[PDB]
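S.K.: In the order they appear, the protein sequences are chains A and B. Residues in the first sequence are numbered from -15 upward in steps of one, following my numbering. Residues in the second sequence are numbered from -15 upward in steps of one, following my numbering. The beta-carbon is built from N, C-alpha and C at its ideal position, and this holds for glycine as well. One structure, pasted below without further comment.
2 protein chains.
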Amino acid sequence: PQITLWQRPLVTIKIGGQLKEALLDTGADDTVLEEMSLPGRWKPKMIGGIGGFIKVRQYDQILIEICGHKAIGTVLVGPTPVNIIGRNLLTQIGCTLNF
Amino acid sequence: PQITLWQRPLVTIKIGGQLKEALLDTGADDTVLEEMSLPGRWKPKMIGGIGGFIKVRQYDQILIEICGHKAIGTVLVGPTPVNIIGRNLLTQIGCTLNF
Ligand SMILES: O=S1(=O)N(Cc2ccccc2)[C@H](COc2ccccc2)[C@H](O)[C@@H](O)[C@@H](COc2ccccc2)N1Cc1ccccc1
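Shown next as structure tokens:
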């Protein structure tokens, strides 16, 4: 679809069987979701932006469905205030910025 | 143009007669630039990222050119990790997310 930026670009995603709302964030290199249980081994990682860094757990090869589009990629899980879909997954769904 | 997300969506912007690199960021409600001098009075504003909130200075009616597109809007200045062009200016240049 064509998403305007008058409002926050929130989309419904499906991961681990759970439906969540997430922000399409072109400035985010990675995808970070609020605390949740994901299967598999994970690696600790530190990601930061405005306000500083947070410790997250990195899960690789996670299948996510973004607005009906399946994508596979690394997902970070941690105390983020908002679920963020970063570039690692937006590329997979063929998302582009147009103007 | 159509910008893919395989690499960070960095564009050249011109503000205060200088060229700087900024990130086209759909996850940011506002535009925040690294420390710099802008004209006029500023108001205080708190903006939050994944790690918390930071205090920034808000300047209104600032002319900024984003990829040859002139926009005039609110610009925030503060300890941001990178120059971020947010939704307030992205809507001004008619930027949309597509997939
Ligand atoms: O957390 S963020 O700060 N984020 C960081 C991030 C890094 C790695 C993975 C995921 C996220 C970047 C910015 O950080 C960097 C740092 C270095 C390179 C690139 C991006 C993001 O794209 C922005 O969009 C801002 C929102 O900035 C704002 C500016 C003005 C007003 C409001 C917000 N945040 C995301 C965010 C959005 C909404 C709520 C909470 C958090």
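Closest by CA to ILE(-1) of chain B, which one among B:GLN(-14), B:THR58 and B:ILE34?
M.R.: In the second sequence, counting from the first residue as 1, residue -1 of chain B sits at position 15. That would be B:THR58, whose Cα lies nearest to the Cα of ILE(-1) of chain B.
S.K.: Rank A:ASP13, A:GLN45 and A:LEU3 by C-alpha distance to the C-alpha of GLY32 of chain A and give the top, closest one.
M.R.: Counting from one through the first sequence, the residue named residue 32 of chain A turns up at place 48. The candidate whose alpha carbon is nearest that of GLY32 of chain A is A:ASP13.
S.K.: Quick one: residues in its chain with C-beta nearer than 6 Å to the C-beta of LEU(-6) of chain B, no 5 flanking neighbours on either side, listed in chain order?
M.R.: Working through the second sequence from its first residue, we reach residue -6 of chain B at position 10. Here the set comprises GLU5 and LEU7.
S.K.: Determine the direct distance from the alpha carbon of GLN(-9) of chain B to that of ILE34 of chain A, and round the result to whole angstroms.
M.R.: By one-based count along the first sequence, residue 34 of chain A stands at place 50. By one-based count along the second sequence, residue -9 of chain B stands at place 7. Approximately 20 Å, taken between the alpha carbons.
S.K.: Measuring only from the beta carbon, is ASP44 of chain B closer than 7 Å to any heavy atom that is part of ligand 1?
M.R.: Taking the second sequence and counting its residues from 1, the one referred to as residue 44 of chain B is at position 60. Answer for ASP44 of chain B: no, Cβ out of range of ligand 1.
S.K.: Please say whether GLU18 of chain A and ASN82 of chain A have beta carbons closer to each other than 8 Å?
M.R.: As a position in the first sequence, residue 82 of chain A is number 98, starting the count at 1. As a position in the first sequence, residue 18 of chain A is number 34, starting the count at 1. Not closer than 8 Å, so no.
S.K.: Cβ closer than 7 Å: which chain B residues qualify as neighbours of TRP26 of chain A?
M.R.: One-based indexing of the first sequence puts residue 26 of chain A at position 42. Under the 7 Å cutoff, chain B gives no residues; its nearest Cβ is about 18 Å from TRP26 of chain A.
S.K.: Going by C-alpha distance, which of A:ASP44, A:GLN2 and A:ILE38 is nearest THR64 of chain A?
M.R.: Here residue 64 of chain A refers to the residue found at position 80 of the first sequence. Nearest option by C-alpha distance: A:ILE38.
S.K.: Say whether chain A places a C-beta atom closer than 8 Å to the C-beta of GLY52 of chain B.
M.R.: Reading the second sequence from its first residue, position 68 is the one you call residue 52 of chain B. No, because no Cβ of chain A sits closer than 8 Å to the Cβ of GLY52 of chain B.
S.K.: Verify the contact flag: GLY62 of chain B, CB atom, against every heavy atom of ligand 1, threshold strictly below 7 Å.
M.R.: Reading the second sequence from its first residue, position 78 is the one you call residue 62 of chain B. Because no heavy atom of ligand 1 lies under 7 Å away, the Cβ of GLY62 of chain B does not count as near it: no.
S.K.: Give the DSSP bridge partners of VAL(-5) of chain B, in chain order.
M.R.: As a first step, residue -5 of chain B is located in the second sequence; it is residue number 11 there, counting from the start. According to DSSP, which records beta bridges pairwise, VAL(-5) of chain B is partnered with B:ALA6.
S.K.: Check whether the Cβ atoms of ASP9 of chain A and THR(-12) of chain B lie closer than 8 Å to each other.
M.R.: For the purposes of this step, residue 9 of chain A is identified with residue 25 of the first sequence, where counting begins at 1. For the purposes of this step, residue -12 of chain B is identified with residue 4 of the second sequence, where counting begins at 1. The answer is no: Cβ separation not under 8 Å.
S.K.: Which whole-angstrom value is the C-beta distance of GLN42 of chain A and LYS29 of chain A, which I expect to be below 8 Å?
M.R.: Mapped onto the first sequence, residue 42 of chain A falls at position 58. Mapped onto the first sequence, residue 29 of chain A falls at position 45. Rounded, the Cβ-Cβ distance is 5 Å, consistent with contact.
S.K.: Give a single yes or no on whether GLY11 of chain B has its beta carbon closer than 7 Å to a heavy atom of ligand 1.
M.R.: For this step, residue 11 of chain B is matched to residue 27 along the second sequence. Under cutoff, so the answer is yes.
S.K.: Please list the segments of the beta strand (DSSP E) lying wholly inside the region 26 to 74 of chain B, counting only runs of 3 or more residues, in order along the chain.
M.R.: The region 26 to 74 of chain B contains these whole beta strand (DSSP E) runs: 27 to 32, 37 to 50 and 53 to 61.
S.K.: Could you pull out every residue in the same chain whose Cβ sits closer than 6 Å to the Cβ of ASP44 of chain B, ignoring the five residues on either side in sequence?
M.R.: Taking the first residue of the second sequence as 1, we reach residue 44 of chain B at position 60. These residues qualify, in order along the chain: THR58.
S.K.: Residues of chain A with CB under 9 Å from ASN67 of chain B, in chain order?
M.R.: The sequence position of residue 67 of chain B within the second sequence is 83, counting from 1. Chain A residues near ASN67 of chain B: none, gap ~10 Å exceeds 9 Å.
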